[PDB]
């Protein structure tokens, strides 16, 4: 061919993460949030929010927004106010900044020159600009000017799966390709003051946090590179009877989510079939039936923690051992819902805990695993993973 292809499976060769420096402990967030938005007098609504925070599964989050910025930009503190211009101004610089920070850590781990990066996949649901955040990152890092970019704006919470699905084909179909994959998510586009008329917004204020994660992906690893996971199969599903379950509109008041169905119920009702169909396709239909794991407790799990009820209902319906959701719940606890970045943070946490506890593989000692993104559609993104053996 005029462009050669790679031989082996796309492999994760490094993972780096970054967060803003301002930490918000969840136990004191209702006070902070109702104070800074001049809403301290809304006693009933504040109690409702306190209960939301107490039930969130979150201990702390990191956010770029803090008191000084919010005081200087009162349209962000209002409960429903035209404010997109300010939100855009913040997002168009902070999203690639946080992405740069994560990327530098990934590249340092990887240990290869940044000039060897041939492709970039950048994902965010925080703002849009032309050129996009992919271009900004390319400039900030000094990547080769011929880097081949895939800019994925406004997809929401499932896109941690999406970027891996997309990057798999890039890595596998291009000999020598090394793909930088970045998810960077920040809450400046959704932050607003509290009101009873915008309760979906209020739920987001209990859950969403800031973070970026960067992966180096490539097929046919060099001896100097260090695999930690392989991508082996990907799929997408729009779940039945889920129209309008999660909508998000970018308006002059900022990004506004509207949820209209029982998201945990829909996900947990259908996830068994999603997984059976995925593993049947990956193993049975490819002539590798013998290698198919015997149950969902015999694989490792990386699930998007959109809220704790999703995790709880999936665990119950699928009869998961109590440890299956542990790595996922740890990231929810320590960072909150960072949208697309969560599953990459969880992947990093899992490989690090597996090494720390002297397990046999990067996937909690198990060979195969599933990574799941959940978001608007209602879309489930599924990626089947293989672990890498540890000393």
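Positions refer to the first chain, counted from 1.
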{"item": "Of 272 to 280 and 139 to 147, the one with larger mean CA B-factor", "value": "272 to 280"}
{"item": "Higher-B stretch (mean Cα B-factor, as the entry records it), 292 to 300 or 182 to 190", "value": "292 to 300"}
{"item": "Residue selected from 209, 99, 287, 254 by maximal Cα B factor", "value": "287"}
{"item": "Highest recorded Cα temperature factor - choice among 161, 156, 127, 132", "value": "127"}
{"item": "Residue 263 - Cα temperature factor, lowest/middle/highest third of chain", "value": "highest"}
{"item": "Residue 236 - Cα temperature factor, lowest/middle/highest third of chain", "value": "lowest"}
{"item": "Ranked C-alpha temperature factor of residue 119 among modelled chain residues, by third", "value": "middle"}
{"item": "Chain thirds of CA B-factor: placement of residue 70", "value": "middle"}
{"item": "Cα B factor band for residue 353 (lowest, middle or highest third within the chain)", "value": "highest"}
